[PDB]
């Protein structure tokens, strides 16, 4: 009886219906673009029947209206709207695509409950729902700490329970390179913490398909030019050597052709491994020091007439990378610095705003320039604090920044980020849930859903539900669960 996220339009009635575990079917409506050949739906039907059961409404008929997209990979443009008509003798779930059906199945399971005598019950009701924003993501960091594939899958399960639809996989960084590249086997061979802390091509396909079956996009992030210390272990001459030499290395060297030919071969591979339409190129916190200390780079700066402005060198670099992505049928997402340091961005390039200091203004600037924008700044869940910090994440109102409606339309969503300096398998799940659920509701539910007492009431029970489903979500406050 606790809905989370709260659907767009909910109409409940005090009429009670009952379900019989051994005689309740989730089936395909005779009128549907999907049938038993639709693996995604067939698996969801079985999956949710187990989540639900561990007068009589004897069946839930599922009807997909338009071409189902059952065999496709979800996209930022995917329609996740759906309609739920709970009545006897047959309940009906209707949606334009399989994506909306997935969400509706989750909502339906949250409606079913057991009364005082253990009787499976559901109230007669009508639900009309659709997300406020299209990009609702969780960022995981598998470089600062390697995360076993199983916990990544458990995270995707929790994401589906919360209607998140994007897993921003910040797979590599300075400390380690777990991604196993087939065209460049020395990256992980030499950059991984160990050969037992790597993601084989199969581990990757596994995350991706498991995510697809839940309507979740897997956005890979291969951060450059900064945050690339671990890439140097296996790719010679990629990183920039620093000077008082020094045994220190800086960001990727943007003045070498070998750098671009390597990035060209590497991203062609990424374009073939990750089916998502987008590739996050990163571009955050590039340290200019080593570049400036390097003699050859000083000459390159002279030959290009960049003077002493290294943002131009950064821009030069990012623009060549951006161009490579553009030739491999992929879109690009970058951290705000790429935009702030005046790089020339092609239309459609998504900018992710992560810096907390006056981010509403950064939102105006980005959308003013006409670029799609994603907000993560107020949702750095790795920055833990004492108490109910879920309230501050919940209270955020993303569209509160100066701009026209056309500008506001460039805002496509946000992400709760769980960077890994202090996170691994021992503490990931409770740190992530239910704190991220606050971001989930703010990104899915209408802007007006803001009552804190009601939020607390539904979140408390949704958290217990996550625990009964095997997600070690931490408590909101003193209390207990009846599970």
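Positions refer to the first chain, counted from 1.
Asker: Is residue 54 without coordinates in at least a third of the other compared PDB entries of this protein that model the residues flanking it?
Answerer: Across the other compared entries, residue 54 is absent from at least a third.
Asker: Does residue 246 go missing in at least one third of the other entries compared here?
Answerer: Residue 246: unmodelled in a third or more of the comparison entries.
Asker: Zero if continuous, otherwise a range: how many residues of the deposited sequence are missing coordinates between residue 303 and residue 304 (none, 1 to 3, 4 to 9, 10 or more)?
Answerer: None; the chain is continuous from residue 303 to residue 304.
Asker: What number of residues from the deposited sequence go unmodelled in the gap from residue 54 to residue 55, classed as none, 1 to 3, 4 to 9, or 10 or more?
Answerer: Unresolved stretch here: 10 or more residues.
Asker: Where do the C-alpha atoms have the higher mean temperature factor in this entry, in 426-434 or in 441-449?
Answerer: Per the PDB entry, the higher value belongs to 441-449.
Asker: Taking only the CA atoms, which stretch has the higher mean B-factor in the record, 265-273 or 284-292?
Answerer: Here the higher of the two C-alpha B-factor means belongs to 284-292.
Asker: Could you check 236, 154, 97, 170 and tell me which one carries the biggest Cα B-factor in the deposited entry?
Answerer: That would be 236.
Asker: Just to confirm, going by the entry's C-alpha B-factors, which of 165, 123, 81, 175 comes out highest?
Answerer: Comparing C-alpha B-factors across 165, 123, 81, 175, the maximum falls on 123.
Asker: Can you tell me whether residue 297 has a C-alpha B-factor in the lowest, middle or highest third compared with the other modelled residues of the same chain?
Answerer: Highest third - that is where residue 297 ends up once the chain's C-alpha B-factors are sorted.
Asker: Comparing against every modelled residue in the chain, figure out the third that the C-alpha B-factor of residue 184 lands in (lowest, middle or highest).
Answerer: Ranked within chain, residue 184 CA B lands in the middle tercile.
Asker: For residue 223, does the deposited CA B-factor place it in the lowest, middle or highest third of the chain?
Answerer: Its C-alpha B-factor, which the entry lists for residue 223, ranks in the middle third among residues of this chain.
Asker: Just say lowest, middle or highest third for the CA B-factor of residue 71 relative to the other modelled residues in its chain.
Answerer: For residue 71, whose C-alpha B-factor we compare with every modelled residue in the chain, the answer is the middle third.
Asker: Based on the entry's values, in what third of the chain does the Cα temperature factor of residue 370 lie: lowest, middle or highest?
Answerer: Top third by C-alpha B-factor.
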